[PDB]
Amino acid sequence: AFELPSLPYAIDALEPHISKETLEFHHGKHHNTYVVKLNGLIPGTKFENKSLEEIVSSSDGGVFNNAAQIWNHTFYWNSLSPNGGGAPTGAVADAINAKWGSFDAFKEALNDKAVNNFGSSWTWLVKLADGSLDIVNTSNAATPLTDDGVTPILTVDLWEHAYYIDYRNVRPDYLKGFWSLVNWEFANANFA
C-alpha cells in the first residue's frame, strides 16, 4: 500500500512564503487523501502489484487521478525548500540561459504560463528529448511524467488549495512566494 511521504522540511520552514496552515492542509489532508483513495481503488485490479510510476503511466479514470496527484504532490514538495529561492545555479542556470537568454526572461515566461493556467492545474519546467528546457502546463492530474522523452525537473501546484489560504485569488503573489522557495538543487538533480 502507498504511504504519504514525510514533508522534507518543518511545517513552518517555508514561512512566510507558504504558511504552516497551508502545509498542514495541503500535505496533511489533500496529499493524504489521494494516498488513501488510491489504496482503496487498487486491490482487485492489475495495479496493486505495481509502482506508483507504473500506475500513472498505465491508468485512467479515478486510478490515474489519485495516483498522478500523489506523484505530482511529492514532486511539488521537493521543488520547494527553506534553502531555495533566488538565482538558479549549476547545470540548470546555464540551461535556463541557453533556452531563454536570461533567468529573468525565463521567470516572466513561467509566470505568464502559470497565471494563465485555467482552473486546477500545474505548470512545469521540463527537459525535452533534445536536451533543452521548456515550460508546459497540465490540467487537473495530468503530468509530464507520462510524456515519453520528457523529464520533469520542477513544478508549481496551481490548484487553488495550494495558495488560497495565504494569497486568496492573487496567483502573482503566490508565485513571488514560489520564487523565494524554488529548490535549484532538486532541479539540478533532475536535470543531470
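The numbering used is simple: start at 1 and walk along the sequence shown.
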Stretch with the greater mean C-alpha B-factor as recorded in the entry, comparing 1 to 9 against 181 to 189 = 1 to 9
message = If you average the CA temperature factors as listed in the entry, which stretch comes out higher, 60 to 68 or 42 to 50?
response = 42 to 50
request  = Name the one of 146, 138, 132, 155 with the greatest CA B-factor according to the PDB entry.
outcome  = 146
task = Identify, among 142, 150, 162, 125, the residue whose C-alpha carries the highest B-factor in the deposited PDB entry.
result = 150
inquiry  = Looking at the temperature factor on the CA atom of residue 90, which third of the chain's modelled residues does it land in?
reply    = highest
request  = Grab the CA temperature factor for residue 30 from the record and place it in the lowest, middle or highest third of its chain.
outcome  = middle
task = Among all modelled residues of this chain, ranked by Cα B factor, put residue 83 in the bottom, middle or top third, i.e. lowest, middle or highest.
result = highest
ask   = What third of its chain, lowest, middle or highest, does the C-alpha temperature factor of residue 20 fall into?
value = middle
